[PDB]
Protein chains: 6
Amino acid sequence: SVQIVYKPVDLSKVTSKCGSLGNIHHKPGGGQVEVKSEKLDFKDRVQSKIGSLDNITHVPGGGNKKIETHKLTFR
Amino acid sequence: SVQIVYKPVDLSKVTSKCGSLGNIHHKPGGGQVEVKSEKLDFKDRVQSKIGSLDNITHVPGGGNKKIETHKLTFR
Amino acid sequence: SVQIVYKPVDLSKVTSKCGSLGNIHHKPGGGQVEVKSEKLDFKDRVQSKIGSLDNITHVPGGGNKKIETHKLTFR
Amino acid sequence: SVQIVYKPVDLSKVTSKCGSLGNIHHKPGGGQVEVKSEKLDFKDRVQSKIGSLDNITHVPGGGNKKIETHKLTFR
Amino acid sequence: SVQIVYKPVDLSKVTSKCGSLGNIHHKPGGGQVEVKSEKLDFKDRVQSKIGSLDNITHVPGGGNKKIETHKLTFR
Amino acid sequence: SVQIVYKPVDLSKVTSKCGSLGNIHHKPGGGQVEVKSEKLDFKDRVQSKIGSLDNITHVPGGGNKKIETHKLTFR
């Protein structure tokens, strides 16, 4: 007789903690900002950001991926 | 007779902690910022950021990846 | 008779801690910043950042990767 | 003129991790246990535990306590 | 004129890690245990534990306590 | 004029790590244990522990205590 038992087990724990977590900002102060522009010539796309205080969190990452392949071939 | 028992076990723990975590910023102060631009000529794309205080967290990383392949071949 | 028992166990722990963690910044002070630009000619892309105080955390890293291959071949 | 500003701030972080945390027990084996009692005389309370494998975690502790008193007395 | 500014700041971090943390027990084996008791006389309380393998964690401790008193008295 | 600024800052970190942490026990083996008791007379409390393998962690300690008193008295 032939007996095949195929019972792999995945009990793993996967965690990602990505970005800004558990920080304290106590009274952050942005200074005065002055922007003076005269006679500027732009011949292509302009991306402009003007601010005093920025808090920026960008997370393209922190993804969890599992690829699993199971093959049982008999005769 | 033939008996094959195929029971691999994954009990692993995987953690990523990526970016800004558990920091304290006590009274961070940005200074005054003055930008004066005259008669500038731009022939291609402009990306400009003007600020006083920036806190920036960028996390493309911190991903968790598992690839697992299981093959059982009999005869 | 033939008995094959295939029971590898992964009980591993993996942790990544990447970026800015657990820091204290007490009264960091950015100075005054003045940028004066006249008669500049740019023939290609411009990327410009003007600030007083920057705190920047960039984390492309800190990923966890597992590749595991299991093969059992009988006859 | 009299101006009193009373603005104490509590931004503290308090954590307790008490007991059994993150341990691995891989195939712990309790042995055979035989208890044979004859002609015993007990004249007061009996507390008895008989086992082979015990895993016991007892945590009377790990409490977090804050007492804060604020008093502002004027004239 | 009189100006009083009362702004104490608690930004502290407190952590307790108490007991059994992050240990590995790999195939711990308790031996055979035999207890034979004959004609025993007990005139007061009995506390009895019989085992082969014990893992015991007892944590009365690991508590965090903060007492803070604030008094501002004017005249 | 009188100006009083009362701004003490607690940015402290306090950590306790108490007990059994990060140990590895690889195949610890308790021996055979035989206890034979005949004709014992006990006039007062009995506390008895019989085992083969014990791992015991007892932590009454590892507590964190902060006492802080603030007093500002004017005239």
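Cut-offs and rules
- Residues numbered from 1 in each chain as written, not as in the entry; some residues may be left out.
- Chains lettered and ligands numbered in written order.
- Heavy atoms only, no water.
- Contact = heavy atoms within 4.5 Å.
- Pairing = 2+ DSSP bridges.
- Helix = DSSP H or I, 4+ residues; strand = E, 2+ residues; numbered from the N terminus.
- Axes fitted to C-alpha atoms, helices over the stretch in contact; angles between N-to-C directions.
- 1 Å grid on protein atoms, 1.4 Å probe; cavity = no way out; pocket = protein on both sides within 12 Å on 5 of 7 lines; lining within 4 Å.
- Points joined across faces, edges and corners; volume = space filled by probe spheres on them.
- Nonpolar A, V, L, I, M, F, W, Y, C, P; charged D, E, K, R; others polar.

By the naming in the PDB entry, chain A goes by Isoform Tau-D of Microtubule-associated protein tau and is assigned to Homo sapiens. Looking at the PDB record, one finds the entry titled "Tau - CTE-MIA8 (tau intermediate amyloid)".

Draft legend 1. Examining the arrangement of the chains more closely. Separated in space, chain A and chain F share no contact, their closest pair of C-alpha atoms being 11 Å apart. In this structure chain D stays clear of chain F, and the shortest span between their C-alpha atoms is 8 Å.

Draft legend 2. Highlighting the sheet that holds strand β7 (residues 46-50) of chain D. As summarised here, the arrangement of the three strands in space is β7(D)-β7(E)-β7(F), forming an open sheet in which the pairing is parallel. Whereas interior strands pair on both sides, the edge strands pair on one side only; in this sheet they are β7 of chain D together with β7 (46-50) of chain F. Adjacent strand axes in the sheet meet at a mean angle of 0°, parallel and antiparallel pairs treated alike. As defined by bridge partners, strand β7 (residues 46-50) of chain E adjoins β7(F) across five bridges and the pair is classed as parallel. Note that in β7(F) the partner of E:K49 across the bridge is F:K49.

Draft legend 3. Looking closely at the sheet that holds strand β3 (residues 13-21) of chain F. An order of β3(D)-β3(E)-β3(F) is seen for the three strands of this open sheet, with the pairing classed as parallel. At either margin of the open sheet sits one strand with a lone partner, and together these are β3 (13-21) of chain D together with β3 of chain F. Between one strand axis and the next, the sheet turns by 0° as a mean value, whatever way the strands run. Sheet topology note: the strand β3 (residues 13-21) of chain E/β3(F) ladder contains nine bridges and is parallel. Bridge assignment links E:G19 to a residue of β3(F), and that residue is F:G19.

Draft legend 4. Inspection of the layout of surface pockets at higher detail. Its boundaries defined by the atoms lining it, the largest pocket holds a volume of some 1500 Å³. Residue lining of the largest pocket: 33 residues in total, with A:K17, B:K17, C:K17, D:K17 and E:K17 positioned closest to the centre. Residue classes in the lining of the largest pocket are distributed as 10 nonpolar, 11 polar and 12 charged.

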